[PDB]
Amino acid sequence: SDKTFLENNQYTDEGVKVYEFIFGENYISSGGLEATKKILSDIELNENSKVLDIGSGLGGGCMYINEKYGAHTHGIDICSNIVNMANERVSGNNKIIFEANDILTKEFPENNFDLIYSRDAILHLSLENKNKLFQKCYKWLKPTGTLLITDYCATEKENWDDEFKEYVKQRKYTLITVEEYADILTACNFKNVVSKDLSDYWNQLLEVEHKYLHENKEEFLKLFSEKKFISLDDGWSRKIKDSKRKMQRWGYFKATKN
């Protein structure tokens, strides 16, 4: 349903490959590997740690976490086709698991994870479901555990222009303000809630990706089509414009159970 809408539109096999082209190998979100190194730079884990990755995509985040720390990583993603692709990217590693499932219906034991991690996935959930998810994350975290999130956010809806409204509507995103997001975490009883508006950094990542796209247009055209190139090009152009004026925002959130 939600699954079908995602698999048949934004995340068809080709759509995913187009994203991987611009974001980088094994990634379908902002800044690919380099942004991941920075997001995890102050996170401490080891070979005994258990990590959940919500919306694991092609699995680059789980791969990086397992490589850097030796941690057990479990990725959940609702799109079966994406999970099938993820499974082809990893072999012979019994500490990386990818599972096709809606995170909203997945069950895990209480006090299970040292880190719950999610990069640009929760924007797909309705506001009601964001709240439900974070209650679940709260239960699933170990007492000593950490929640680490980046997600698409936005200025107040009253401020949105026609083009942005249409962007959000077509993708069926639910974009709230960085402040509202932080309030949800606080309402779910997370402690030490830190929220950062990383829109300027996001804007930097977009500009690099955009330049890469232009410089590799010939290769892109061979792999895909000019029509897909124009759509992607225009799409990044708008994100660059809208992040610059803070209409579309990139939020970072870190919190703890205790």
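In case it trips you up, residue 1 is the first one in the sequence shown, and so on.
Novice: According to the deposited model, is the average Cα temperature factor higher in 162-170 or in 132-140?
Specialist: Stretch with the greater average CA B-factor: 162-170.
Novice: If you take the mean CA temperature factor per stretch, which one wins between 143-151 and 85-93?
Specialist: Averaged over C-alpha atoms, the B-factors run higher in 85-93.
Novice: Looking at the C-alpha B-factor values in the deposited entry, which of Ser30, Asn48, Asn192, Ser199 comes out highest?
Specialist: Out of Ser30, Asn48, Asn192, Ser199, the record gives the largest C-alpha B-factor to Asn192.
Novice: According to the PDB entry, is the CA B factor of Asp77 in the bottom, middle or top third of its chain, that is, lowest, middle or highest?
Specialist: CA B-factor rank for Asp77: lowest third.
Novice: Would the CA B-factor of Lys228 place it in the lowest, middle or highest third of its chain?
Specialist: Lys228: CA B-factor falls in the lowest third of its chain.
Novice: Among the modelled residues of its chain, does the C-alpha B-factor of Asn203 lie in the lowest, middle or highest third?
Specialist: Highest third, going by the recorded CA B-factors of the chain.
Novice: Taking the values exactly as deposited, rank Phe108 by C-alpha B-factor within its chain and report the matching third: lowest, middle or highest.
Specialist: For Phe108, whose C-alpha B-factor we compare with every modelled residue in the chain, the answer is the highest third.
Novice: Mind checking which third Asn258 falls in for C-alpha B-factor across the chain?
Specialist: Ranked within chain, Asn258 CA B lands in the highest tercile.
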